[PDB]
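This report concerns only the one structure given below.
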Amino acid sequence: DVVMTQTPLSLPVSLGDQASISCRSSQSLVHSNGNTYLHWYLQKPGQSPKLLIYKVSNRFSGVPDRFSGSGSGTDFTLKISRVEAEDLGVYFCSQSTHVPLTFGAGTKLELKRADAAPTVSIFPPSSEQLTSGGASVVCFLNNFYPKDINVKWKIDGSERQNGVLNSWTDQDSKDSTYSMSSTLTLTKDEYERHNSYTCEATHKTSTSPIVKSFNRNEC
Amino acid sequence: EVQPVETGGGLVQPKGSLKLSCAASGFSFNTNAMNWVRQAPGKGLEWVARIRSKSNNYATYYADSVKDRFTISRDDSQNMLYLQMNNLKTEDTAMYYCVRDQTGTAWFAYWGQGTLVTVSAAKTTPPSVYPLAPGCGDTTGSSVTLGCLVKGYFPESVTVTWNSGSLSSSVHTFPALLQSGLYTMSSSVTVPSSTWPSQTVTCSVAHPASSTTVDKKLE
């Protein structure tokens, strides 16, 4: 019932940058006897949470000499010093001064890489899927950065859609870049009454959209 | 690790029940408070329950959200922790962690690997995999994306393997999303244009629940 606000929810960092992840409670945590049960946790992807620092500054048994807790009452700060790769995942603050235990939304330390223009590809529905009674025009926007990306769909020009399923990958160790796939699931009938299918990727490395499109009445 | 270890996670139809177990070998299990914390695949951490120990007459605590649905029990004899989750709801669907207080420093310290509780009435559907391939155009540059759409399965996971004999691929494995009851997913591969379509690409989609293995030659 205290709401642990974390600042910020995403945090791009070069691997020798100082990082700072900031938490803030809706009430004062200075217990009436005990004192400031504000705790920070680390959870690497595909894994359980790990205890880092307890009661703002008291590090836990293992936590490298790079973790620095501090703060008073409603303001708290987790400061990792030189961001080693081992540390990338989500950082949580928790409170256990009041029942119930409330955690923050979690802050994700992402990794810095320069800007990248995505490779867009539009694909038409395989005869094989048509034969079931639905259609999916998949659009793959591949290897971009940053993850600020917007896809728009155009059927015969007519603006937008509402049968879209976007899904992002996490950071692709290698080019280091996110990938994303806009699926558009129509009905056989609808498909067959509409000609041109457009994917329009809106990205920071272009003021002009990356447009990829195909033409139903062909292959 | 010292480990807390948990089981009896599964697929329950709504209003069902599970007896989740947790196993903590440690110095003085006998003396610490034992916790249960869910993490629904949708966002964050929410504490479900907690039980004190013998001294504190096994004082049992619960989050408003699970009260009366769940019972937390402990059996020091065998270092066992339990959670009777009755009359479930879809919103219970989460990863269940076993959490052991570290009496001497702070509480909510040690968390095991977790486990899965899937609440949904949907049955065990196979996957319909369909191959995405350019359309007309053929090879538009040096490399070219290929793909597989895996539409319509329950539950959670499929494994998509690619057959691209040595070919300089970059396979993005995309997370599945829920889609009108069953999940959908997609995977992309990029090939050398000076090998497509001579070289036979294939995607290999297995589904554990229901021992299915569909192969789709990309042509």
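Going by the structure tokens order, chains are called A, B, ..., each with residues numbered from 1, while ligands are numbered from 1 in the order shown.
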
Compile the residues of chain A that lie within 9 Å of chain B, evaluated using only C-alpha atoms, and express the compilation as a PyMOL selection string. chain A and resi 37+47-51+54-55+60+96+99-106+121-126+128-129+136-138+140+142+165-169+172+179-181+214+218-219

Which neighbours of residue 15 (chain A) fall inside 8 Å, counting only C-alpha atoms, when residues of the same chain fewer than 5 positions from it are skipped, and could you give them as a list in words? residues 82, 83, 84, 85 and 111 of chain A

Which residues, written as an MDAnalysis selection string, have at least one atom at most 7 Å from residue 215 (chain B), with only C-alpha atoms counted and residues fewer than 4 positions away on the same chain left out? chainID B and resid 202:205

Can you tell me which residues surround residue 15 (chain B) at a distance of at most 8 Å, considering only C-alpha atoms, apart from same-chain residues fewer than 4 positions away, and format the answer as a list in words? residues 86, 87, 88 and 89 of chain B

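Across the structure, CA of residue 153 (chain A) and CA of residue 153 (chain B) are spaced 25.5 Å apart.
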
Residue 198 (chain B): which residues within 12 Å, counting only C-alpha atoms, same-chain residues fewer than 2 positions away excluded, as JSON, numbers by chain? {"B": [164, 165, 167, 191, 192, 193, 194, 195, 196, 200, 201, 217, 218, 219]}

Env of residue 88 (chain A): 7 Å cut, atoms = only C-alpha atoms, seq-sep filter 4 positions within chain, self excluded. Answer as number ranges by chain. A: 44, 109-110

Output for the residues just chosen: N, CA and C atoms as a PDB file, in the first residue's frame:
```pdb
ATOM      1  N   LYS A  44      18.700 -11.419 -12.712  1.00  0.00           N
ATOM      2  CA  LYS A  44      19.250 -11.587 -14.081  1.00  0.00           C
ATOM      3  C   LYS A  44      18.151 -12.320 -14.802  1.00  0.00           C
ATOM      4  N   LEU A 109      18.649  -2.232 -16.612  1.00  0.00           N
ATOM      5  CA  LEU A 109      19.904  -1.692 -17.157  1.00  0.00           C
ATOM      6  C   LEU A 109      20.074  -2.328 -18.546  1.00  0.00           C
ATOM      7  N   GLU A 110      19.941  -1.516 -19.561  1.00  0.00           N
ATOM      8  CA  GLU A 110      20.137  -1.999 -20.963  1.00  0.00           C
ATOM      9  C   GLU A 110      21.561  -1.561 -21.268  1.00  0.00           C
TER      10      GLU A 110
END
```

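Nearest-residue note for residue 41 (chain B): choosing from A:196, A:46, A:147, A:107, the minimum distance belongs to A:46, counting only C-alpha atoms.
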
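Interatomic distance, CA of residue 187 (chain A) against CA of residue 152 (chain B): 15.1 Å.
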
Using DSSP on the backbone coordinates, identify the residues of region 53-148 of chain A assigned to strand (DSSP E or B); present them as a VMD selection string. chain A and resid 53 to 54 58 to 59 67 to 72 75 to 80 90 to 95 102 to 104 107 to 111 116 119 to 123 134 to 145

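For the pair CA of residue 90 (chain A) and CA of residue 66 (chain A), the separation is 16.6 Å.
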
Using DSSP secondary structure from the backbone, list all alpha helix (DSSP H) positions within region 18-191 of chain A, as number ranges by chain. A: 127-130, 188-191

Export, as a PDB file, in the first residue's frame, the selected residues with N, CA and C atoms.
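The result, written out as out.pdb:
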```pdb
ATOM      1  N   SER A 127      -0.130 -20.055 -48.923  1.00  0.00           N
ATOM      2  CA  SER A 127      -1.354 -20.762 -49.400  1.00  0.00           C
ATOM      3  C   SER A 127      -1.852 -21.604 -48.226  1.00  0.00           C
ATOM      4  N   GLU A 128      -0.976 -22.397 -47.683  1.00  0.00           N
ATOM      5  CA  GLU A 128      -1.140 -23.222 -46.515  1.00  0.00           C
ATOM      6  C   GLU A 128      -1.919 -22.649 -45.353  1.00  0.00           C
ATOM      7  N   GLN A 129      -1.883 -21.349 -45.084  1.00  0.00           N
ATOM      8  CA  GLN A 129      -2.610 -20.739 -43.970  1.00  0.00           C
ATOM      9  C   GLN A 129      -3.990 -20.276 -44.485  1.00  0.00           C
ATOM     10  N   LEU A 130      -3.940 -19.883 -45.740  1.00  0.00           N
ATOM     11  CA  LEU A 130      -5.183 -19.445 -46.423  1.00  0.00           C
ATOM     12  C   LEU A 130      -6.181 -20.565 -46.337  1.00  0.00           C
ATOM     13  N   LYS A 188      -9.838 -14.707 -44.098  1.00  0.00           N
ATOM     14  CA  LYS A 188      -9.678 -15.051 -45.529  1.00  0.00           C
ATOM     15  C   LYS A 188     -10.461 -14.054 -46.376  1.00  0.00           C
ATOM     16  N   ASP A 189     -11.736 -13.942 -46.129  1.00  0.00           N
ATOM     17  CA  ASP A 189     -12.651 -13.060 -46.815  1.00  0.00           C
ATOM     18  C   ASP A 189     -12.128 -11.637 -46.917  1.00  0.00           C
ATOM     19  N   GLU A 190     -11.654 -11.111 -45.797  1.00  0.00           N
ATOM     20  CA  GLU A 190     -11.180  -9.694 -45.774  1.00  0.00           C
ATOM     21  C   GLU A 190      -9.953  -9.599 -46.671  1.00  0.00           C
ATOM     22  N   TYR A 191      -8.975 -10.464 -46.416  1.00  0.00           N
ATOM     23  CA  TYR A 191      -7.780 -10.563 -47.250  1.00  0.00           C
ATOM     24  C   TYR A 191      -8.208 -10.375 -48.708  1.00  0.00           C
TER      25      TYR A 191
END
```
